[PDB]
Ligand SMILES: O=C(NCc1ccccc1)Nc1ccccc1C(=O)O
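Let's start with one chain on its own, the form deposited without the named molecule, as structure tokens.
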């Protein structure tokens, strides 16, 4: 997260760290007691690796009473996701057991009705991704409030040049943005999950390249089917 601040510890009890061989790989969001939603490209590399989910964390490294590392019983990338595209970039991870809930671990409601978030709406993005261009990784959860950008403008040639489908949304990315290691993390509006961070684009915090997020409401049928 570039241009943000350290989040209040455990104030986002839905926040998950998707880990590969004990190292933070992607953000994720607890959407049911036993299920974490993230981005498919997070796994599109993992292969042999041991995939786990850390819940209840603020610091990735430091002792905390609420921290709990879960194995994953199944990893379900969206069947239409593809390594060379930003489309359908969702990943559901089933935890080895239902998460132990408490003040620091709680699923977040997610939008099932397929309607766009209104342009200008301020939404919260959280994660442990890099916080500057030098690529330094923060140890504790960061977050930033970003205004939603109208899809039309986001699709302008200088921006994303027609790549933003009705299944995607954008947020402004000027000095503030999600970055490498923030992929899979949640875009939350008024306490509701609306978006998941998609593929890291080559430059973080570039105003001509708005952040791109997968619209969870657009994939509600798919999500529901997996969870059922």
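Residue numbers count along the first chain shown, from 1.
Just so it is clear, the following notes concern the form solved in complex with the named molecule, a form of the same protein that is not shown.
- Item | Interface membership of residue 137, the named molecule in the deposited bound form, 4.5 Å heavy atom rule | The answer is yes: residue 137 has a heavy atom within 4.5 Å of the named molecule.
- Message: With the partner left out here, check for me: in the deposited bound form, does some heavy atom of residue 181 sit within 4.5 Å of the named molecule?
- Response: Contact check for residue 181: yes, within 4.5 Å of the named molecule in the deposited bound form.
- Residue contact check: residue 42 to the named molecule in the deposited bound form, 4.5 Å heavy atom: Result yes; residue 42 sits at the interface with the named molecule in the deposited bound form.
- Task: State yes or no: in the deposited bound form, is some non-hydrogen atom of residue 149 no more than 4.5 angstroms from a non-hydrogen atom of the named molecule?
- Result: No, residue 149 sits far enough from the named molecule in the deposited bound form that none of its heavy atoms falls within 4.5 Å.
- Answer option from 26, 55, 187, 29, heavy atom within 4.5 Å of the named molecule in the deposited bound form: Going through each option in turn, the one that passes is 26.
- Query: 130, 72, 99, 117: which sits within 4.5 Å of the named molecule in the deposited bound form by any heavy atom?
  - Reply: It is 130.
- Since the chain is shown here on its own, which stretch among 107-115, 122-130, 151-159, 72-80 would lie within 4.5 Å of the named molecule in the deposited bound form, judged by heavy atoms? Answer to the contact question: 122-130.
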